[PDB]
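# Structural features, examined
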Amino acid sequence: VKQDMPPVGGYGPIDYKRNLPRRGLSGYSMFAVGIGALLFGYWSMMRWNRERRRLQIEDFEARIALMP
Amino acid sequence: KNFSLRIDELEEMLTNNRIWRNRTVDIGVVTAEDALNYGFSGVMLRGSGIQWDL
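Residues numbered from 1 in each chain as written, not as in the entry; some residues may be left out. Chains lettered and ligands numbered in written order. Part of a larger assembly, values for the part shown. Heavy atoms only, no water.

## Topic: a nonpolar patch on the surface
All names here are of chain A. A grouping of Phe31, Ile35, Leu38, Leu39 and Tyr42 is seen on the molecular surface, where their side chains present a nonpolar patch of about 550 Å² in accessible area. Looking at where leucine 39 falls in the secondary structure, it is placed in helix 1 (residues 27-66). Note on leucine 39: relative accessible area 57%, which makes it exposed. (Patch = residues over 30% accessible without salt bridge, like charges linked within 9 Å, V, L, I, M, F, W, Y side chains within 5 Å. Areas by Shrake-Rupley, 256 points an atom, 1.4 Å probe, with all protein chains shown as cover. Salt bridge = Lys/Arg side-chain N within 4 Å of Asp/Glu carboxyl O. Helix = DSSP H or I, 4+ residues; strand = E, 2+ residues; numbered from the N terminus. Buried < 20%, exposed > 50% of the residue type's maximum accessible area, 1.4 Å probe, protein only.)

## Examining the interface of chain B and chain A
Between chain B and chain A, the contact holds 6 residues from the first and 7 residues from the second. Roughly 550 Å² of surface becomes buried between chain B and chain A when both sides are summed, with 42% attributable to carbon and sulfur atoms. When the area that chain B buries against chain A is broken down by residue, the three leading residues are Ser4, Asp8 and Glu11 of chain B, summing to 63%. The tally of links from chain B across to chain A stands at 1 salt bridge. Where chain B touches chain A, the interface holds 2 residue pairs in polar contact. (Contact = heavy atoms within 4.5 Å. Buried area = accessible area lost by both parts, 1.4 Å probe. Polar contact = N/O pair within 3.5 Å; in protein donor to acceptor, adjacent residues only side chain to side chain.)

## Digging into helix 1 (residues 2-13) of chain B
In this model, helix 1 of chain B (12 residues) spans 16 Å end to end at C-alpha, consistent with the 16 Å of a helix rising 1.5 Å per residue. Looking one or two residues past helix 1 of chain B, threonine 15 of chain B carries a phi angle of roughly 65°, positive in sign. (Expected span 1.5 Å × (residues − 1).)

## Quick word on the side chain of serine 4 of chain B
On the secondary structure map, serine 4 of chain B appears in helix 1. For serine 4 of chain B, a relative accessible area of 11% gives the class buried. When residues no more than four places from it in sequence are discounted, the contact partners of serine 4 of chain B are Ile14 and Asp15 of chain A.

## A short note on the pattern of salt bridges
All names here are of chain B. Applying the stated criterion to the full structure yields 4 salt bridges over all chains. Its salt-bridge partner being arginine 6, residue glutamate 9 comes within 3.2 Å of it at the nearest N-O pair. Here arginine 6 and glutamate 9 lie together in helix 1, a separation of 3 residues that amounts to about one turn. Among the salt bridges present, the one from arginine 46 reaches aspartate 53, with a minimum N-O distance of 2.4 Å. Take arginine 46: its relative accessible area is 39%, and that puts it in the partly exposed class. Judged by relative accessible area, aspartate 53 falls into the exposed class, the value being 61%.

## Describing the side chain of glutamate 11 of chain B
Along the chain, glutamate 11 of chain B turns up in helix 1. Classification of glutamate 11 of chain B by relative accessible area gives buried; the value is 18%. There is a polar contact of 2.9 Å between the side chain of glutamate 11 of chain B and the side chain of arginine 18 of chain A.

Here is the structure:
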């Protein structure tokens, strides 16, 4: 017998495609969810700032009543 | 098999990478007459114009 290195009856194929998934969101959906979380942060920001101004006015009234 | 996957991952990393494309857009213009008279060969001729492969 002979003992070279042949391929055994043929081998499987190997791909040659530029395999790209291009996944992720679109323009509109990513854009809208970013602006939506932005507006959520704005609303909570507005609420905290106006309640904070209430308390800071109370601090002003403390210094007024303390002064003379 | 492993190398087909790794060259796909290289094309994932670079190759539609924004800033590497922005680095290389329109640098190295080659006229086909300049490609012939200046004696460029191979991947230059493959990459600009002539359908020439040995």
